[PDB]
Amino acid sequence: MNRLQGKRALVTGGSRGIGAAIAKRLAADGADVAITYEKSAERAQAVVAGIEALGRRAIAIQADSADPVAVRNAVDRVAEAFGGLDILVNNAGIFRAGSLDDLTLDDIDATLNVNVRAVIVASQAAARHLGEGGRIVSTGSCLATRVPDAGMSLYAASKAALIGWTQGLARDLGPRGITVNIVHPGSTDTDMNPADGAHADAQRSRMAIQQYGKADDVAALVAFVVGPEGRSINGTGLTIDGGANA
């Protein structure tokens, strides 16, 4: 009777922000939910405790997205714990600020490893477990397709990479019945992008309706895509950005 009755999900980067909202919403819709995190162990356990209080199974796994072995092992741990896997949400991500002149190799490698390679590795590992009706969603960005200012180029490249990955992976997994999609948030009130931050006025100015998005609304859209009326949504990008990309 739950929209996600019996479903088994992993949300990377689920301790805070958009990922925590997604984890809570999938649980609210009926799924058992695992999350990964890098450092926020207390906050991750609190997400888990809240999901368990609903009567769901939940686990939090410390797994550095930059480490492909940790990512692959986290996916396998979820499938072992829950008996299988139905939903993967690749959400953990970083935004390294800086000018072109100042860009470091460490920032390039960190961004490509966390924002791109971890998505590829988790997707491949999840595909070993997912069956017909399984769902993969990744968190992109409105910046993947429209870059309004300087200082965003490395991040934009990392999110644009996920568009090609998503469309190709939908072809790879089509015969097995697994959909692959990307949700592109615009400005969304989180620790990465606080609505009271110094740059928030400029970000609101780009929107058609000038209001930061809610993480819970991004989560609602992810939950629709991975839910019982989302089966024909596949290989595509869904932008929730207040009209910034109009």
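We number the residues from 1 along the sequence you see.
- Which wins on mean Cα temperature factor, 42-50 or 177-185? Result of the comparison: 42-50.
- Item | Per the entry, higher mean C-alpha B factor between 153-161 and 122-130 | If you average the C-alpha B-factors of 122-130 and of 153-161, the larger mean comes out for 122-130.
- Select one of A28, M207, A34, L221: the residue whose C-alpha shows the highest B-factor in the crystal structure entry. In the PDB entry, the greatest C-alpha B-factor among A28, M207, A34, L221 is found at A28.
- Name the one of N113, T166, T145, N90 with the greatest CA B-factor according to the PDB entry. That would be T145.
- Third of the chain's Cα B-factor distribution that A246 belongs to, per the entry: It falls in the middle third of the chain.
- Task: Divide the modelled residues of the chain into thirds by Cα B-factor and specify which third, lowest, middle or highest, holds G230.
- Result: Middle third, going by the recorded CA B-factors of the chain.
- Query: Mind checking which third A170 falls in for C-alpha B-factor across the chain?
  - Reply: It belongs to the lowest third of the chain when residues are ordered by C-alpha B-factor.
- Task: Looking at the entry's B-factor column for C-alpha atoms only, identify whether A97 ranks in the lowest, middle or highest third of its chain.
- Result: CA B-factor rank for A97: highest third.
- Item | Ranked against its chain, the third holding the CA B-factor of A81 | Highest third - that is where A81 ends up once the chain's C-alpha B-factors are sorted.
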